[PDB]
């Protein structure tokens, strides 16, 4: 499978699946930027704001997610964004391969807010 990407937006600081890359530019400051077309157009800093897409986690492999890990989290508010957070604590549940009822306490990177998310609402970083 070919590499797929997601890009951070400067408007809300959430991440979005990148459909394609159009062009690029260099700031007199030195930074390299790409113009990305999203799925479903921005200039994003390549170094910080573009990265290989996050991956969904299956119930039978929920054990690979540990305290301290970085995760793309579905943050649903009053507004539903996919943004970065770190696992602070994990409550392991009793379940099979069909569904994961573990609870993941996440601290969002932007504002250090905390939320209890289920596996269905998180994606891990590759590797």
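Positions refer to the first chain, counted from 1.
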- line: What lies unmodelled of the deposited sequence between residue 40 and residue 41 amounts to 4 to 9
message: How big is the unmodelled gap, if any, between residue 78 and residue 79 relative to the deposited sequence? Choose none, 1 to 3, 4 to 9, or 10 or more.
response: 1 to 3
field: Per the entry, higher mean C-alpha B factor between 48 to 56 and 22 to 30
entry: 22 to 30
task: Compare the mean C-alpha B-factor of 11 to 19 with that of 105 to 113 as given in the PDB entry, and name the stretch with the higher value.
output: 105 to 113
- request: Compare the C-alpha B factor of residue 68 with those of the other modelled residues in its chain, then answer lowest, middle or highest third.
  value: highest
- prompt: Looking at the C-alpha B-factor of residue 90, is it in the lowest, middle or highest third of its chain?
  reply: middle
